[PDB]
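1. sharing an experimental structure here, sequence included.
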Amino acid sequence: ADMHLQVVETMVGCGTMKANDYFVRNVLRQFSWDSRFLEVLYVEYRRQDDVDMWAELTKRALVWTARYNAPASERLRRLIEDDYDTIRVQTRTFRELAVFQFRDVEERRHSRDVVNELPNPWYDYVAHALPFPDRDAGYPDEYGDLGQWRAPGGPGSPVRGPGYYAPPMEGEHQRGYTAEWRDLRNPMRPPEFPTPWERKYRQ
Amino acid sequence: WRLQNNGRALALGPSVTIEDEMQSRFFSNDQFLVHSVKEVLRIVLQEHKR
Amino acid sequence: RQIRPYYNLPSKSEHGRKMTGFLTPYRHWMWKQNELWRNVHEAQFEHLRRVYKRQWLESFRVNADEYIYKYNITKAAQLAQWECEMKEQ
Amino acid sequence: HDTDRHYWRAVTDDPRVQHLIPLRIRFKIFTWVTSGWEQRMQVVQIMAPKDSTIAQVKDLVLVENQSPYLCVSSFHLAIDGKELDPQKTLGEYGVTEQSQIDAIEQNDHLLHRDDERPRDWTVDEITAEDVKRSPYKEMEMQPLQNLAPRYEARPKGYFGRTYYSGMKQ
Amino acid sequence: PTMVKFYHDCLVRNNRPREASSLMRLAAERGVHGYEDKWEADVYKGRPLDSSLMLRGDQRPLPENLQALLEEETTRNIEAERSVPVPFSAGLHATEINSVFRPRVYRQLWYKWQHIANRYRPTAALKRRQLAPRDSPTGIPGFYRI
Amino acid sequence: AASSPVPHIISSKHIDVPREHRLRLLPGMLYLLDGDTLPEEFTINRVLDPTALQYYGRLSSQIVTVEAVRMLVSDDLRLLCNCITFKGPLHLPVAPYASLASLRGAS
Amino acid sequence: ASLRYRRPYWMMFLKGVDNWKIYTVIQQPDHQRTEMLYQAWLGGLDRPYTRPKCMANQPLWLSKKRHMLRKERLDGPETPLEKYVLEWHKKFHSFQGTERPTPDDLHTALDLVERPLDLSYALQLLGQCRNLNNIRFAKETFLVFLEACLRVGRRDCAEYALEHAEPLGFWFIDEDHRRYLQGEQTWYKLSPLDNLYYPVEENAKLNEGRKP
Amino acid sequence: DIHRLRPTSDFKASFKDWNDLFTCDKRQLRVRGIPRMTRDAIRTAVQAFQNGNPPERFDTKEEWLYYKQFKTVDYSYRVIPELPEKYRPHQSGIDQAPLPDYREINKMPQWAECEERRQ
Amino acid sequence: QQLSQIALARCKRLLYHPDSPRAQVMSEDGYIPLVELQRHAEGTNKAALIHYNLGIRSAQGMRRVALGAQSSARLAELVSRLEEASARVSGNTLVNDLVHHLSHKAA
Amino acid sequence: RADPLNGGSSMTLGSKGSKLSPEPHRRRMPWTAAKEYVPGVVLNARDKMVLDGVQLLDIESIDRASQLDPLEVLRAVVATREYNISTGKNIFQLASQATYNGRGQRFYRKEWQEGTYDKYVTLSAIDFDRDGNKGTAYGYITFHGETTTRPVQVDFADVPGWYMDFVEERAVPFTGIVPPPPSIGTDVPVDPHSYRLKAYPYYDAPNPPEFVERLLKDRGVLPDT
Amino acid sequence: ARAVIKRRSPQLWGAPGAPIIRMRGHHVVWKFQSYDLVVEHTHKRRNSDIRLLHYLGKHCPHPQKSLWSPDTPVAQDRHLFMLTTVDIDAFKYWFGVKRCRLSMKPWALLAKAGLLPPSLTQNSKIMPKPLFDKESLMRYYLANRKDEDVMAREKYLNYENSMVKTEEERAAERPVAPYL
Amino acid sequence: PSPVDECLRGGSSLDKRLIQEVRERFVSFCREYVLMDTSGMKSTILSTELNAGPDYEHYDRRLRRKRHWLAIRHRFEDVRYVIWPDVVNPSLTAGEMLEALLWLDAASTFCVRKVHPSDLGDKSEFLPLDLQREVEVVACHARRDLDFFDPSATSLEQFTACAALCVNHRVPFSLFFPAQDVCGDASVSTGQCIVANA
Amino acid sequence: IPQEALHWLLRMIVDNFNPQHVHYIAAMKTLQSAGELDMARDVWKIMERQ
RNA sequence: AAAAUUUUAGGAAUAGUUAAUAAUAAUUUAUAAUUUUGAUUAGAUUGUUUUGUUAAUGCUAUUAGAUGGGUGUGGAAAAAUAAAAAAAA
């Protein structure tokens, strides 16, 4: 399709009034054409002797954009808008123009207002979109309690062993239960951080 | 009303021209030398445009 | 739900619904006036929807970077300590 | 979905690696100039394995002839006019990429074809339905729009007001 | 009444409206207790048992060379409709789907001369919490079991 | 065919494949010929149904006026040939190189 | 709402059946016996029969057979028009049929009138041919209809048809026919083969000389 | 008043005037002695009028009464028929299909006889 | 010629599209109960097919087909034998493919 | 889906419309696909006060004792014809009248021509059932000049409310084939004096003053009484 | 899709449907009733052990007197207080990336926090709804239309990206002389 | 016990109608074995059943098929000379004899093979039967009748099945065709007869 | 939006996954095709920091 | 999909059965499978660190649910009742 596009653009620039005929015969129904074709054909149309011929050609081009699934681009729409006085070819939707009206007036009013220019932490940003806290709130407590018999706790419980005494444990399990597991009721030190940042919080 | 393009056949004519060549890894040494000259010209072009 | 005004096409049927569901061309026109007033509300709603999408999607980038930095320090230190313990064993 | 690999292997092992040479095959084509029917030349890039036979090379050329005009009648491969034996290996003819080889199209018709072999057939027996481009031409690394990115809508252990422990596991 | 029920169901399963209707009329006339409102008209009055085609009286037989074609078509259509298998069955007629029968004794009952073929009573007759409090045996082992 | 030379669309009398390979190789095949002559060993059924002929209206008007449409059923009733006879010159401009310009019946 | 979930799926878009609830329970033994006895009551079968499980209305073959095995209300035609009416209902009312009548068939129906009862039959056929089968009458349709009316002697019928011709489908009523029925010109045609202004009582009135 | 269980039209005498109707809140509306549903209907209609929607809606009482004569368990807008115990003629005692009297029904009508006499 | 061509084409179909819908088989005069069910149904709308989720699945003697170890091994010899003894079995592109299919599936 | 009403906008669950997309929302409910429909309750229901005062006869009432006077049967015919035409005309009822069954002429429904909406079907084929009022019709849809390329079946061809304006030029014999009417701009050039386009994919009709007055009175902006 | 529908709680588009912010209550007399902003399915799940998708916060519908009056008294700090806890990060996650639905009561509650605009149903009884005219709207749009690049860049900043580096920051990040 | 058992009551077997009755009952018994629903059937050597049959509760899953096969073999020993009488008007048609032979052959092909220690019978009783003599009898009765193999579609299946029986049971396939086809020829194999008369 | 490619690359890290060279290549390719060259360099820096 | 945690004063046998299979829909092959480390059946019987009590890893208590023959429809049977979760203006 780009080859036909350059052909059409060359015709329009050269000023022959057959670019539209070539577009209809060669690239309209047989190709998946963007609206740059029409951005060129609109300049081609604008040179028509009859203002009504210009307008009708524009409207037919829009109907082509609808029938063949090629949306009208913003540049094409603005090109057609810039001639709204001579040809009254509407180019913006009855919803789009209403939202433009309301949003634009609101935005100019908001910018010209001074108080509402102040920052708002609730609407400005999100803080800590991560799944886990960025610091240790102390929890969990990996030790049971005196009234608790369910020592390992099972699926959802963080407790890993009974509160005070347990059966004999071996290797890493004994090491963890004796020393390394989180003991959250300790009154002298809180649970201990990894190696590089325990030293700098020792005191 | 219009002529569509089913998943089976490209039935509307391409919307962009493409080059009929292998990938850069399947070229010969001299073929990739031609490709190298082409690509340095392409970079000259993009820098001129920039 | 869909409003059935008293003055749309009535179905003169005694074996079903007594009012059809079509509408006078005036009801077609006024419905747009209500549709548009609703659309200006939808513009800001969707706008904020996408803006909040972006805000959450960006705050993740900042937080994950700091987490990645600290966690990589943690990982290097832990691996070194583990190697020392393995050497002793 | 039984693609026959059930683990992540980031390497490419030997069986999928093939030794191949980039041959060019010349074709006798006629172009219409103002006078009429000027003779011209058309080429097709083929990646034939080093050990392939000339019949296999011809059959491969049948497969990259996307052009509806080029490979339509039975043809034979030749070197500077001397026709090639279809059951002769490339090495026995000494043909290399710098070898001018022509395809003379005998004016028969109804060239018997068998698309039963997918254009992208490796030992791994993958069959991508779209055969619009050869594997040697496909980039194979591009954004896939026929899908939707899905976020995690199922909280694991933490659902609400206070993250005590997160009910991990 | 049990015999009448079983035989009527068998005749309906075997596509015998004549015998089923005659049995219903016979049971209604003899006054078997379950069947005294089941008397129904005889739609085969003045018809033979063994040697044709049934006509309403406002119908005439087609010319014989054509009646033969029609009966040939009708037997073929009837057998074609009969052949197709009905899904979510097991080749089981509706009269024998969900059709478990065990004797009278199987649900907490004993012999009686007049109950010749007595299907065990529905399990809904007795409730556990109606027979004994919670966490206590109801003294009816085997009940509630098919 | 009016604007490009397509290879095997204009041909001789008829593709003469063996009677045993006819139904294997022939179906899906298409070709144009000069003058109305029908293949061998076929039963001809000329479609007269307006509901079926309405579908060539854009072919009959904007491309070529269609004389006739016929369905040729093999004697074994296993293969079928839709054959359409057109009259007159093309309503489309035909290129000098287009394979259809090599047809006496057209142009 | 929709009955998609209140009745089996083979009854979707079903309307106008006896009581679509019957065929949800026909599977019971009692309702199956009722169905077979009902088929025997309807007649047309030599063996016990039940409607197919996934069908509510009678099967097409069975309905065609029972329509063929239906004795016509007449049971003895006295006149060729009675025989032709029996043939008309045989041909254009057979069962779920396709062939429409035609103006020439209507002409044959109208030209076999000998009794005013026959003309009543022919007018019923005309009504069916104008309303049920929206076929254009021919140009001479009104000619044959007027002749059928006069040969049996009912001028009021033809006058009423002229009064309501467009609704009757008489798109072409000849000027002479219209003029005769609306008063003057007591003749309505000139016999080409006989050279007489019909009706013959009117020809004997005006034209006293016969010519070939 | 559109609903059979919201008889707003029964309380025309419960308000003194237009402004009395439009100013009374839910509490005073209940105090005047109005059912819950009628109260809510009146309040919602008044508020819709305030927002600019006049009380212009189709009275559904006749539709719902037509649909109430069937056995829709959920009071939906289906139509569920009733299947009586006996639904066939032979079952209702009718021995066999009626036979028409062809001689009786094939007699020349009186208009036909009179006109045939006339000829 | 026709028989050999179709046999080789079937071999290629079963080799290059194993278990594919185009490589399925069915009992000859196979009983497709969906068609029979549709024929004997009160179909008011002839688009809502009854018993769809089962009828579309079920058909007599319907299977997915593919080459096993024994089939591939025997078909290799038979394909090579269909060729003349003078031909190079190395350059056949179907014996090689069958051998690689065996090796890949065994691995 | 292909055609969201307002993009992806789920503010109130009415923002999507009363139909989320034109395509059917299930592969097993093809009849739910979005299309233009007509009020069959009112259109198909003829007025029976015309058949009042005439004794119709069953088609099976072929017996002689139950047949009516010739004048009575003629009155029944007239009453039945007026009953059928009471609500409107079928495309088939118009085609039967037409010379070549209407082939070539353009049929339209009443609202296909009302403000901003311009559409009609150039007939291409009719197949009448035994009941000539029913059947199947085909044609080329023309929408604001743009026309289909092939004939498609006309929906609601049975429902009354169709119109036709005969012209001898368009009629085609059963020998010939209706030529598809040209697409304005594609097949034939555009000429403002011949066909001037009423609307186009970004045009919305101006607000009627009576409608704005009515809506303002409803809203309460204007002092009604 | 049930033969007999749940007559008292009908819904749209079946179960479990899209997620939705509802303002769930408690089976308690109003005198103690309080609500909780929760994210859940359209068809409330009372089968699984997981009733809801996320717990956004809690609302107390009973005003509480300002216990904080003496602390730096600001304008009208003695008016009664309506207490609410809200999870803004999770709300933004579910609102933006998950495109969940929002009920009107929660929408009105959140409009008080500066997180959303006033609801569609929070309509002032005084101003009537607007009346739109295509010609006037077109005249306004043409009179003050933005330009293509500024419009596109505002859209890009709002939706696609907000951390776009300056030339100075690119130069700062750019590596230096040794290049190792 | 089988209905063939109740037919073979030591009565005057030389009755045409009794012969068709016996033939149809034996054919039905063989079809019942061949199309038997073997879903839950299990034959695993179980030590507990050494000095007894399979448990009463496991009669259907373990004993039924084996008993059916033994019954078929034993009733065959009694009925074969009645249905396919040796070659010296005949009571049964060649087609009926062929159908009975084919169903018997199918049962023999799908005989029971696993011999449990509990069995008191002979091991040889768990092996396929040999039907060479019956095939030869059917061959005599088929050659004596013309147009046995007609162009009818089912006749293709009959030809295939007949060739199968002849190949399996070591009997020349030529016997199924008139002796004039074999006159002047020393020996024609089943394959040659197939490729000639197929 | 193109940022989502970088977000999904970072979620691999946060989930204690080791992204592979193919993941890095895909992220860089997609971001470059979208025109986010600074984000592509950010992906490279993430790789290096890993 | 898997791992893992049950009860009975008078303690024993269980089975539409285990694995293999070119077997969708098993005519096949095997020295198969469950159980004294307490099975099967029968009896009791939703589970249930939430209840209560105590110095107590003891004793004690409990209602989240689920549901192979009623339409084969539906994305999914959860479908004969619905303090209401607002259900396309």
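-> Structure's in. What do you need? Numbering: from 1, shown residues only, chains lettered A, B, ... in the order given.
2. before we move on, what SS does whichever residue of chain E sits closest to chain B have?
-> The nearest approach of chain E to chain B comes at residue E:87, 33.6 Å away (CB to the nearest CB). Where you see a C-beta, it was placed from the backbone N, CA and C, and this is true even at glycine. At residue E:87 the chain is in coil, as set by DSSP: H, G, I helix; E, B strand; the rest coil.
3. wait, it sits on residue I:51?
-> Yes: between residue E:87 and residue I:51 there is a contact at 5.5 Å, judged by CB atoms under 8 Å.
4. shared neighbours of these two, anything?
-> By CB atoms under 8 Å, 6 or more residues apart in numbering or on different chains, residue E:87 and residue I:51 have these common neighbours: I:33, I:37.
5. name the residues that touch the helix of greatest length in chain F?
-> Longest helix of chain F, by residue count under DSSP state H: helix F:57-62. Applying CB under 8 Å, 6+ apart, the contact partners of helix F:57-62 are F:66, F:91, F:92, J:124, J:149, J:150, J:151, J:177, J:178, J:179, J:180, J:187.
6. neighbours of the closest residue to the fifth one other than its chain neighbours, how many?
-> Put plainly, it is residue J:149. Closest residue in space to residue J:149, ignoring its immediate chain neighbours: residue F:58 at 5.8 Å, by CB to CB, 6 or more residues apart in numbering or on different chains. Counted with other CB atoms under 10 Å in any protein chain shown, the neighbours of residue F:58 add up to 19.
7. same check on residue D:1?
-> Neighbourhood size, residue D:1 [other CB under 10 Å]: 2.
8. that older thread, neighbour count winner among residue E:87 and residue I:51?
-> residue I:51 (19 against 12).
9. surely the more buried one and residue I:34 touch.
-> Yes: using CB under 8 Å, residue I:51 makes contact with residue I:34 at a distance of 6.8 Å.
10. name the single longest helix found in chain K.
-> Using DSSP H to define each element, chain K has its longest helix at helix K:134-143.
11. what residues of that helix count as buried?
-> The neighbour-count check on helix K:134-143 (16 or more other CB atoms under 10 Å in any protein chain shown) flags K:134, K:137, K:138, K:140, K:141 as buried.
12. looking at chain A, which residue is nearest chain E?
-> residue A:149 (24.4 Å).
13. contacting residues around that residue?
-> Going by CB under 8 Å, 6+ apart, residue A:149 touches residue A:162.
14. same question for residue J:171.
-> With CB under 8 Å, 6+ apart, residue J:171 has these contacts: J:98, J:99, J:100, J:103, J:104, J:105.
15. are any of those residues buried, and if so which?
-> Among those, those buried by neighbour count (16+ other CB under 10 Å) are J:98, J:100, J:103, J:104, J:105.
16. for residue F:80, grab phi and psi.
-> phi -140, psi 150 (degrees, to the nearest 10).
17. thought it was touching residue F:72?
-> Yes: using CB under 8 Å, residue F:80 is in contact with residue F:72, at 7.0 Å.
18. more neighbours, those two?
-> Ranked by neighbour count (other CB under 10 Å), residue F:80 and residue F:72 place residue F:72 first, with 17 against 12.
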